[PDB]
Amino acid sequence: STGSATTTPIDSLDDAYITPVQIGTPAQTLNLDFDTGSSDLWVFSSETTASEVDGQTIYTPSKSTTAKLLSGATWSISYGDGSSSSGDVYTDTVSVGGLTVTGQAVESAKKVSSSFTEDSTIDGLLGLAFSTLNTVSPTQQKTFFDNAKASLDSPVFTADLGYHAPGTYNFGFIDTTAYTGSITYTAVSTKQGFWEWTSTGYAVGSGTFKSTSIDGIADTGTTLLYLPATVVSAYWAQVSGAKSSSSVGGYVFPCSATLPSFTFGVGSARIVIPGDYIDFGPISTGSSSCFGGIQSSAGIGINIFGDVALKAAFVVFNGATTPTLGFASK
């Protein structure tokens, strides 16, 4: 089998991407944030505290003839941005782009933190990291990809995120028309539950490439590119007036600037992030200070190749017995 679904930016900045997902019988379609940095499929629901729901579409398990309470199971998750959610668990039929999994754990939120409530466009998350990170207790549950894998034509999914435009998540096949050149594959460590890999270096604009190992994670659920402070300083030093602002929470730059590109290495190959992809717009409405799309990871504990980096590439998440990542230009 295969599946193919379009993923759409939630706003004009590409702050996140939403993909329609069918849950239950008859289908209830929710727009989920596909997140290769976590491993829970959770949704706003008829069980979510009413004051914490503000415009999201909810899953109502009592209206699904295939929903079954997973008795005794609870979940609770906290994300790197400080947001969180928790609740109980059903199993139900879940379809993405024509690919169907029966008995998928659908984690129904009883509580969500303020940032989820405040984002009316995201109805939940669909985790695509390794199932070892799934938070369901006392019986850990598998991701949608893990459940589908054996049925897929090939044990892979691909992320093709657009810049200020829709893109595609494919399951089970690699669309050879969706990228240019060849796909360069690179090793993955699953020891932390992430799609963790080592970039071979970087360049700023037309500058020379610096060969240096940068361990980090391919994370579709993180907006920005988070790299070591040395790398980030070298980038922003090329932008007149850019500075790290403790009050804003990262590097800012004059909105009048034209940003240089940023290149990252994948083995001997190179992925070029155009400068425009690094502009996240005014820090507050009407400001002439703009927020940068490349930020320091120093306070995180891990480097994160988020959407800013991934949207410059066609990315293969290869779930073969030994997982690997592939990157191609497009």
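Positions are given from 1 along the sequence. Reckoned from all heavy atoms, side chains included, excluding hydrogens, waters and symmetry mates.
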Task: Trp42 vs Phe116, ring pair (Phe, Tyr, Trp, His ring centres under 6.0 Å): CA-CA, chis, key distance, verdict - done: CA-CA 12 Å; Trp42 74 261; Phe116 288 115; 4.9 Å; yes
Indicate yes or no for a side-chain donor-acceptor contact from [X] to the backbone of [Y] under 3.5 Å, with no hydrogens or angles considered.
| X | Y | value |
| --- | --- | --- |
| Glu47 | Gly87 | no |
| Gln56 | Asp119 | yes |
| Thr36 | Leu128 | no |

Identify every side-chain donor-acceptor pair in residues 225-232 under 3.5 Å, counting partners at least two apart or on other chains, and give the distances.
none

Of all residues at least two apart in sequence or in a different chain, which pass the side-chain hydrogen bond (donor to acceptor under 3.5 Å, both in side chains) check with [X]?
| X | value |
| --- | --- |
| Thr100 | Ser95 |
| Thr158 | none |
| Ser78 | none |
| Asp81 | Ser83 |

Could you tabulate the donor-acceptor pairs under 3.5 Å formed by side-chain atoms of residues 274-291, not counting sequence neighbours?
residue	atom	partner	partner atom	Å
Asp279	OD1	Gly281	N	2.8
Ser287	OG	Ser289	N	3.0

Using a 3.5 Å cut-off and no angle test, enumerate the donor-acceptor pairs between side-chain atoms of residues 298-326 and protein atoms at least two apart in sequence or in another chain.
residue	atom	partner	partner atom	Å
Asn303	OD1	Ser297	OG	2.6
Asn303	ND2	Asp215	O	2.8
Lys311	NZ	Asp14	OD2	2.8
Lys311	NZ	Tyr17	OH	3.3
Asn318	OD1	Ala320	N	3.1
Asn318	ND2	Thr324	OG1	2.9

- [ ] Please identify each residue that fulfils salt bridge (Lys or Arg N to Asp or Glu O under 4.0 Å) with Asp160, with sequence neighbours left out.
- [x]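 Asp160: salt bridge (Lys or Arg N to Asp or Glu O under 4.0 Å) contacts with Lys330.
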- [ ] Under the side-chain contact (heavy atoms from CB on, under 4.5 Å) rule, collect the residues that match up with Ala73, sequence neighbours excluded.
- [x]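 Once residues adjacent in sequence are excluded, the partners of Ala73 under the side-chain contact (heavy atoms from CB on, under 4.5 Å) criterion are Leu70, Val89, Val136.
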Open item on the list: So, using side-chain contact (heavy atoms from CB on, under 4.5 Å) as the criterion, who are the partners of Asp33 when residues are at least two apart?
Closed with: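 Testing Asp33 for side-chain contact (heavy atoms from CB on, under 4.5 Å), a comparison that skips the adjacent residues, returns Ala16, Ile122, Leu125.
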Open item on the list: In this structure, is the centre-to-centre distance between the rings of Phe327 and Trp197 below 6.0 Å?
Closed with: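 Here the rings of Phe327 and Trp197 have centres that are less than 6.0 Å from each other.
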Per-pair distances, 0.1 Å, donor-acceptor, side chain in residues 257-273, under 3.5 Å, sequence neighbours excluded:
residue	atom	partner	partner atom	Å
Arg270	NH1	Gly267	O	3.1
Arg270	NH1	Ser268	O	3.4

Open item on the list: With rounding to the nearest 0.5 angstrom, report the CG to CG distance, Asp92 to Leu69.
Closed with: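 Atom-to-atom, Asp92:CG and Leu69:CG are 12.0 Å apart.
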Could you pull out every donor-acceptor pair under 3.5 Å between side chains of residues 169-179 and any protein atom, sequence neighbours left out?
residue	atom	partner	partner atom	Å
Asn170	OD1	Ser4	OG	2.6
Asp175	OD1	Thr177	N	2.9
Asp175	OD1	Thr177	OG1	2.7
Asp175	OD2	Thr177	OG1	3.4

